[PDB]
Each structure stands twice: as C-alpha cells, then as structure tokens.
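Source file: work-v7.pdb (PDB, C-alpha atoms (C1' of nucleotides))
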ATOM      1  CA  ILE A 115     -88.718  57.596 -47.086
ATOM      2  CA  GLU A 116     -88.606  61.404 -47.903
ATOM      3  CA  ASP A 117     -87.692  60.964 -51.656
ATOM      4  CA  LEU A 118     -89.664  57.655 -51.641
ATOM      5  CA  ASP A 119     -92.753  59.895 -50.947
ATOM      6  CA  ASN A 120     -94.425  61.495 -54.044
ATOM      7  CA  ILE A 121     -92.504  64.807 -54.729
ATOM      8  CA  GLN A 122     -95.112  65.794 -57.441
ATOM      9  CA  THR A 123     -95.690  69.251 -55.865
ATOM     10  CA  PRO A 124     -99.088  69.481 -54.059
ATOM     11  CA  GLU A 125    -100.476  72.840 -52.697
ATOM     12  CA  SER A 126     -99.159  72.366 -49.067
ATOM     13  CA  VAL A 127     -95.464  71.990 -50.245
ATOM     14  CA  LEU A 128     -95.829  74.800 -52.912
ATOM     15  CA  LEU A 129     -97.350  77.334 -50.376
ATOM     16  CA  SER A 130     -94.362  77.000 -47.917
ATOM     17  CA  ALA A 131     -91.811  77.444 -50.829
ATOM     18  CA  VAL A 132     -91.880  81.316 -50.504
ATOM     19  CA  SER A 133     -90.135  80.989 -47.041
ATOM     20  CA  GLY A 134     -89.038  77.304 -46.730
ATOM     21  CA  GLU A 135     -86.593  74.766 -48.320
ATOM     22  CA  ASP A 136     -86.220  70.928 -48.855
ATOM     23  CA  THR A 137     -88.273  68.186 -47.030
ATOM     24  CA  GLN A 138     -85.046  66.484 -45.705
ATOM     25  CA  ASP A 139     -84.123  69.538 -43.478
ATOM     26  CA  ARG A 140     -87.898  69.976 -42.697
ATOM     27  CA  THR A 141     -88.116  66.407 -41.140
ATOM     28  CA  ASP A 142     -84.384  65.915 -40.140
ATOM     29  CA  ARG A 143     -85.177  68.792 -37.657
ATOM     30  CA  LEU A 144     -87.870  66.417 -36.186
ATOM     31  CA  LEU A 145     -85.497  63.384 -35.682
ATOM     32  CA  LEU A 146     -81.809  64.717 -35.658
ATOM     33  CA  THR A 147     -81.665  68.387 -34.365
ATOM     34  CA  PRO A 148     -82.859  67.547 -30.768
ATOM     35  CA  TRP A 149     -79.750  65.206 -30.540
ATOM     36  CA  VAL A 150     -77.108  67.709 -31.941
ATOM     37  CA  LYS A 151     -78.646  70.566 -29.801
ATOM     38  CA  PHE A 152     -78.054  68.069 -26.875
ATOM     39  CA  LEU A 153     -74.409  67.281 -27.991
ATOM     40  CA  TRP A 154     -73.710  71.094 -28.071
ATOM     41  CA  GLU A 155     -75.366  71.702 -24.623
ATOM     42  CA  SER A 156     -73.487  68.577 -23.273
ATOM     43  CA  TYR A 157     -70.057  69.960 -24.470
ATOM     44  CA  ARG A 158     -70.657  73.617 -23.328
ATOM     45  CA  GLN A 159     -71.774  72.524 -19.772
ATOM     46  CA  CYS A 160     -68.804  70.030 -19.499
ATOM     47  CA  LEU A 161     -66.426  72.983 -20.326
ATOM     48  CA  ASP A 162     -68.085  75.914 -18.471
ATOM     49  CA  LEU A 163     -69.229  74.683 -14.969
ATOM     50  CA  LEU A 164     -66.905  71.667 -14.394
ATOM     51  CA  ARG A 165     -63.435  72.694 -15.823
ATOM     52  CA  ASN A 166     -63.057  76.422 -15.191
ATOM     53  CA  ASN A 167     -59.188  76.641 -14.938
ATOM     54  CA  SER A 168     -58.571  73.633 -12.520
ATOM     55  CA  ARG A 169     -54.849  72.968 -13.464
ATOM     56  CA  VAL A 170     -55.254  69.106 -13.127
ATOM     57  CA  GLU A 171     -57.289  68.775 -16.446
ATOM     58  CA  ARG A 172     -55.716  68.234 -19.912
ATOM     59  CA  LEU A 173     -59.218  66.695 -20.630
ATOM     60  CA  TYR A 174     -60.665  70.299 -20.755
ATOM     61  CA  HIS A 175     -58.494  71.053 -23.867
ATOM     62  CA  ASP A 176     -59.235  67.523 -25.299
ATOM     63  CA  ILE A 177     -63.040  68.319 -25.110
ATOM     64  CA  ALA A 178     -62.488  71.821 -26.681
ATOM     65  CA  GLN A 179     -60.562  70.181 -29.628
ATOM     66  CA  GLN A 180     -63.194  67.343 -30.017
ATOM     67  CA  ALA A 181     -66.139  69.858 -29.983
ATOM     68  CA  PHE A 182     -64.355  71.938 -32.734
ATOM     69  CA  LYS A 183     -64.268  68.699 -34.878
ATOM     70  CA  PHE A 184     -68.005  68.171 -33.924
ATOM     71  CA  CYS A 185     -68.754  71.511 -35.777
ATOM     72  CA  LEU A 186     -67.332  69.983 -39.071
ATOM     73  CA  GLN A 187     -70.105  67.255 -38.938
ATOM     74  CA  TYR A 188     -73.234  69.386 -38.014
ATOM     75  CA  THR A 189     -74.293  73.105 -37.491
ATOM     76  CA  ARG A 190     -71.849  76.123 -37.551
ATOM     77  CA  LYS A 191     -73.733  78.871 -35.533
ATOM     78  CA  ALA A 192     -72.939  76.804 -32.351
ATOM     79  CA  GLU A 193     -69.185  77.446 -33.211
ATOM     80  CA  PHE A 194     -69.182  81.315 -32.727
ATOM     81  CA  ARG A 195     -70.510  80.608 -29.171
ATOM     82  CA  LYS A 196     -67.649  78.022 -28.781
ATOM     83  CA  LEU A 197     -65.048  80.741 -29.741
ATOM     84  CA  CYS A 198     -66.670  83.277 -27.295
ATOM     85  CA  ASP A 199     -66.557  80.425 -24.660
ATOM     86  CA  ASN A 200     -62.727  79.956 -25.083
ATOM     87  CA  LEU A 201     -62.304  83.818 -25.171
ATOM     88  CA  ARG A 202     -64.198  84.453 -21.846
ATOM     89  CA  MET A 203     -62.636  81.357 -20.084
ATOM     90  CA  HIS A 204     -59.129  82.611 -21.181
ATOM     91  CA  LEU A 205     -60.186  86.154 -20.035
ATOM     92  CA  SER A 206     -61.430  84.517 -16.732
ATOM     93  CA  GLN A 207     -57.939  82.885 -16.244
ATOM     94  CA  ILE A 208     -55.598  85.968 -16.696
ATOM     95  CA  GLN A 209     -57.789  88.527 -14.872
ATOM     96  CA  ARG A 210     -57.968  86.936 -11.337
ATOM     97  CA  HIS A 211     -55.018  84.404 -10.909
ATOM     98  CA  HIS A 212     -56.909  83.477  -7.685
ATOM     99  CA  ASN A 213     -57.369  79.637  -7.279
ATOM    100  CA  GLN A 214     -55.449  76.281  -7.586
ATOM    101  CA  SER A 215     -55.566  77.018 -11.364
ATOM    102  CA  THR A 216     -53.633  77.456 -14.718
ATOM    103  CA  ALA A 217     -50.326  79.478 -14.608
ATOM    104  CA  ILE A 218     -50.119  80.504 -18.349
ATOM    105  CA  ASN A 219     -46.328  81.310 -18.502
ATOM    106  CA  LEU A 220     -43.133  79.159 -19.190
ATOM    107  CA  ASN A 221     -45.290  76.056 -18.256
ATOM    108  CA  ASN A 222     -45.183  74.171 -21.653
ATOM    109  CA  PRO A 223     -48.457  72.164 -21.175
ATOM    110  CA  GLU A 224     -50.770  74.917 -19.738
ATOM    111  CA  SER A 225     -49.419  77.714 -22.083
ATOM    112  CA  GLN A 226     -47.795  76.330 -25.323
ATOM    113  CA  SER A 227     -49.121  72.725 -25.796
TER     114      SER A 227
ATOM    115  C1'   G B   1     -84.129 117.434 -22.555
ATOM    116  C1'   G B   2     -86.760 111.787 -21.087
ATOM    117  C1'   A B   3     -85.174 106.420 -20.910
ATOM    118  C1'   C B   4     -81.079 103.208 -20.173
ATOM    119  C1'   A B   5     -76.496  98.838 -16.624
ATOM    120  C1'   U B   6     -80.171  91.803 -15.455
ATOM    121  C1'   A B   7     -77.969  98.048 -20.284
ATOM    122  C1'   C B   8     -84.555 100.105 -23.514
ATOM    123  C1'   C B   9     -77.071 100.835 -26.175
ATOM    124  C1'   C B  10     -73.144  98.160 -29.256
ATOM    125  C1'   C B  11     -71.583  94.058 -32.375
ATOM    126  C1'   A B  12     -72.275  89.076 -34.339
ATOM    127  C1'   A B  13     -76.257  85.763 -36.934
ATOM    128  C1'   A B  14     -80.299  82.679 -41.865
ATOM    129  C1'   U B  15     -82.622  77.519 -41.819
ATOM    130  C1'   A B  16     -80.759  81.107 -38.368
ATOM    131  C1'   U B  17     -83.976  83.940 -34.304
ATOM    132  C1'   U B  18     -79.168  83.642 -28.979
ATOM    133  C1'   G B  19     -74.175  84.505 -27.934
ATOM    134  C1'   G B  20     -70.800  88.016 -26.728
ATOM    135  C1'   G B  21     -68.630  93.879 -25.601
ATOM    136  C1'   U B  22     -68.416  98.512 -22.582
ATOM    137  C1'   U B  23     -69.714 104.122 -17.958
ATOM    138  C1'   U B  24     -68.968 106.112 -13.139
ATOM    139  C1'   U B  25     -70.291 106.791  -7.902
ATOM    140  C1'   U B  26     -71.162 104.268  -2.827
ATOM    141  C1'   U B  27     -70.662 100.802   0.605
ATOM    142  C1'   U B  28     -70.494  95.476   0.795
ATOM    143  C1'   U B  29     -68.412  90.251   1.144
ATOM    144  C1'   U B  30     -65.041  86.522   0.211
ATOM    145  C1'   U B  31     -65.796  83.344  -4.457
ATOM    146  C1'   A B  32     -70.718  81.077  -7.372
ATOM    147  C1'   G B  33     -74.634  77.552  -9.613
ATOM    148  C1'   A B  34     -73.552  74.326  -3.158
ATOM    149  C1'   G B  35     -75.420  75.079   2.445
ATOM    150  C1'   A B  36     -81.946  74.441   6.247
ATOM    151  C1'   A B  37     -86.697  70.018   3.869
ATOM    152  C1'   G B  38     -84.400  62.176   7.190
ATOM    153  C1'   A B  39     -82.053  59.611  10.162
ATOM    154  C1'   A B  40     -81.704  60.929  14.895
ATOM    155  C1'   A B  41     -82.813  61.783  20.630
ATOM    156  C1'   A B  42     -86.057  59.353  24.143
ATOM    157  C1'   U B  43     -88.970  55.206  26.468
ATOM    158  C1'   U B  44     -89.441  50.172  29.424
ATOM    159  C1'   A B  45     -91.981  46.504  31.858
ATOM    160  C1'   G B  46     -97.272  43.008  34.328
ATOM    161  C1'   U B  47     -89.201  41.315  34.849
ATOM    162  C1'   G B  48     -92.504  37.235  42.708
ATOM    163  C1'   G B  49     -89.370  37.313  47.896
ATOM    164  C1'   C B  50     -85.973  34.411  50.605
ATOM    165  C1'   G B  51     -83.141  30.231  49.702
ATOM    166  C1'   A B  52     -80.333  24.979  50.971
ATOM    167  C1'   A B  53     -79.089  19.809  50.991
ATOM    168  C1'   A B  54     -78.426  14.913  49.083
ATOM    169  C1'   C B  55     -75.232  13.602  45.239
ATOM    170  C1'   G B  56     -71.004  15.590  42.640
ATOM    171  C1'   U B  57     -66.309  17.668  41.832
ATOM    172  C1'   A B  58     -61.676  19.969  37.184
ATOM    173  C1'   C B  59     -56.823  22.199  35.426
ATOM    174  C1'   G B  60     -53.137  23.173  38.625
ATOM    175  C1'   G B  61     -49.383  24.378  43.610
ATOM    176  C1'   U B  62     -46.258  22.104  47.008
ATOM    177  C1'   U B  63     -44.428  18.073  50.303
ATOM    178  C1'   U B  64     -43.111  12.537  50.518
ATOM    179  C1'   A B  65     -41.630   7.519  48.174
ATOM    180  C1'   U B  66     -40.755   5.770  43.282
ATOM    181  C1'   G B  67     -38.470   4.399  38.222
ATOM    182  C1'   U B  68     -35.223   6.138  34.469
ATOM    183  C1'   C B  69     -31.898  10.355  32.905
ATOM    184  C1'   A B  70     -27.073  14.442  32.737
ATOM    185  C1'   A B  71     -21.677  16.297  35.153
ATOM    186  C1'   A B  72     -18.205  15.450  39.518
ATOM    187  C1'   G B  73     -15.357  12.137  42.989
ATOM    188  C1'   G B  74     -13.016   6.801  44.387
ATOM    189  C1'   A B  75      -7.104  11.074  48.364
ATOM    190  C1'   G B  76     -12.164  11.616  49.337
ATOM    191  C1'   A B  77     -16.674  10.681  51.451
ATOM    192  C1'   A B  78     -17.503   7.240  55.871
ATOM    193  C1'   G B  79     -19.817   2.718  58.572
ATOM    194  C1'   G B  80     -18.658  -1.601  61.617
ATOM    195  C1'   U B  81     -15.948  -4.097  66.078
ATOM    196  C1'   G B  82     -15.424  -8.351  70.098
ATOM    197  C1'   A B  83      -9.785 -10.362  64.830
ATOM    198  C1'   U B  84      -5.687  -9.383  70.161
ATOM    199  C1'   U B  85      -1.856  -7.874  74.457
ATOM    200  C1'   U B  86      -0.229  -4.260  80.165
ATOM    201  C1'   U B  87      -1.775   0.474  82.173
ATOM    202  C1'   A B  88      -3.826   5.842  87.341
ATOM    203  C1'   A B  89      -5.041  11.255  84.932
ATOM    204  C1'   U B  90      -5.208  14.708  80.084
ATOM    205  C1'   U B  91      -6.181  14.600  75.087
ATOM    206  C1'   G B  92      -6.419  11.109  72.141
ATOM    207  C1'   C B  93      -7.789   5.638  67.042
ATOM    208  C1'   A B  94      -5.422   2.596  63.942
TER     209        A B  94
END

Show me the file's structure as structure tokens.
Amino acid sequence: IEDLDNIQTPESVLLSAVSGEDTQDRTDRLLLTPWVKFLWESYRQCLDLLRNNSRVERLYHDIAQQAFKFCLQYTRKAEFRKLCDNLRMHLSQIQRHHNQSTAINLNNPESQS
RNA sequence: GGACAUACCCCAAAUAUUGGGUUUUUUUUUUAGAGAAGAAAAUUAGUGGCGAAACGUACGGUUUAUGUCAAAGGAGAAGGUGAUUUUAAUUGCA
C-alpha cells in the first residue's frame, strides 16, 4: 500500500525530508512498534519481577536466550537495557546470597550451563 | 564559595530521546512491588391446652411336643412277673 501510493514527491513529504526518512518506517511505527515495545516490556517484566534468582527456574535463562534472538528480528536499543538487566540481576545474586536462590559455584547448571 | 544522592554529577544512545554507575554520617527494620475496602455475626414467630378408646399388632427370646439329621454303646443300659417248690430273723434276686 505504501509503494502502491504515489511517491511523486508532494510538498508534505518534501518538507519532512530535512529531519525524517522513508514512509515504511513512518507508518510501520503506527502498526508494528506498539507490538514490539509490548514484546520487550513482556520479556523484561517476566525476567525482573517473577524470576529474581529462584533456583527452581531454568526457564529464566531460556527467556534471556530467546529475548536475545528477539533483538536479531527487531530494534537494538532495547538490547543494551537487556545486558544491563543480566548485569544487575547477576550483581543482585552474588552480593546478598540471602534466599532459596542460585548458588553460582561448582553447580554445573546454575554456574556453567 | 552556592547547588547536588529519587544525585541539579557520570557514562551509554539516533529513528533514537531512557537505561545503567558511584560519597560519607546517623539511627532504623527484616526483605519489596503483597497486607485494611465482602462474606460474615445476629434475629424468630401470630408455632392453642390437655388428651384416650374401639380396632390393630412386627422381627425376635425361651419353655414344651414334633419330623428329619451327626458320633457312642448292645458287657451295658434296664422293664416285667403269677412260668414253679419248703422255710422264724438279718441282708439279700435269679
């Protein structure tokens, strides 16, 4: 529909072309970005609140891996936040050692694997 | 010298503009996104009093006959007499 529509540059498309870029990003933001900004916020909340440490979840690390592969399909600036998320949650583990949680030592699953 | 810790600082970042990183000094409390805002307590009457009989009557419990049914015994057990002969007393029967 976007490159079905007449590209033959009118004034309204020419005026915005000192700041802006292509029509596909301009209208994909209207119908795709509210869904990928939901996928991000779905993943981050599933990690952060629910599975802080809690030893009994290999799913936590499954989600982390899946959400890293999600960044290869869509936006990248929601991947620096993902790194910082893993950094602070790892920092949160070996600072307290204070709940029925992950013992990151000889334990092959919850240290190596 | 004034402002700054939810940093008024630091980094990161274009289709991105919101994520992280740090200073001490006091006390303070064991964690943090939850707990109070809904399923419960209670209530009773305008509930007449007293009260039989006729008729009717069950499963059972035990006593007494009764039929049939299981072991033990034909030494036993034990009932019946004018089949007999003499005789005073005791115990007696063959």

Can you sort out the box for segment 48-55 of chain B, edges along x, y and z, all listed atoms in, 5 Å on every side, with centre and edge lengths in Å to one decimal, as AutoDock Vina command-line options?
--center_x -83.9 --center_y 25.5 --center_z 46.8 --size_x 27.3 --size_y 33.7 --size_z 18.3

As a check of understanding: the span from atom CA of residue 140 of chain A to atom CA of residue 195 of chain A is 24.5 Å

Original post:
Using the chain letters and numbers from the file, which residues does the PyMOL selection byres ((chain B and resi 19-35) around 12) grab, as a VMD selection string?
Top reply: (chain A and resid 159 162 to 164 166 191 to 202 210 212 to 213) or (chain B and resid 4 to 5 7 9 to 13 17 to 18 36)

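Pairwise distance (atom CA of residue 161 of chain A, atom CA of residue 178 of chain A) equals 7.6 Å.
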
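Proximity to chain B was assessed for A:139, A:125, A:176, A:224 counting all atoms listed in the file; the smallest distance is recorded for A:139.
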
Show which residues sit within 12 Å of residue 115 of chain A, as a list in words. Count all atoms listed in the file, and ignore same-chain residues fewer than 5 positions away. residues 120, 121, 137, 138, 141 and 142 of chain A

Hey, what comes out of the PyMOL selection byres ((chain A and resi 150-157) around 8) on this file? Could you write it as a PDB file with C-alpha atoms, keeping the file's coordinate frame?
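Writing the result to out06.pdb gives the following:
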ATOM      1  CA  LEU A 146     -81.809  64.717 -35.658  1.00  0.00           C
ATOM      2  CA  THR A 147     -81.665  68.387 -34.365  1.00  0.00           C
ATOM      3  CA  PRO A 148     -82.859  67.547 -30.768  1.00  0.00           C
ATOM      4  CA  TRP A 149     -79.750  65.206 -30.540  1.00  0.00           C
ATOM      5  CA  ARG A 158     -70.657  73.617 -23.328  1.00  0.00           C
ATOM      6  CA  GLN A 159     -71.774  72.524 -19.772  1.00  0.00           C
ATOM      7  CA  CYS A 160     -68.804  70.030 -19.499  1.00  0.00           C
ATOM      8  CA  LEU A 161     -66.426  72.983 -20.326  1.00  0.00           C
ATOM      9  CA  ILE A 177     -63.040  68.319 -25.110  1.00  0.00           C
ATOM     10  CA  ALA A 181     -66.139  69.858 -29.983  1.00  0.00           C
ATOM     11  CA  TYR A 188     -73.234  69.386 -38.014  1.00  0.00           C
ATOM     12  CA  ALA A 192     -72.939  76.804 -32.351  1.00  0.00           C
TER      13      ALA A 192
END

Expressed in Å, the length from atom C1' of residue 14 of chain B to atom CA of residue 126 of chain A is 22.7 Å

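Proximity to chain B was assessed for A:133, A:118, A:183, A:167 counting all atoms listed in the file; the smallest distance is recorded for A:133.
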
Among B:84, B:91, B:68, B:15, chain A is approached most closely, using all atoms listed in the file, by B:15

| said: Need the shell around residue 218 of chain A: protein/DNA/RNA residues with any atom at most 12 Å away, counting only C-alpha atoms (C1' of nucleotides). Skip same-chain ones fewer than 3 positions apart. Format as a PyMOL selection string? | reply: chain A and resi 167+169+204-205+207-209+211+215+221-227
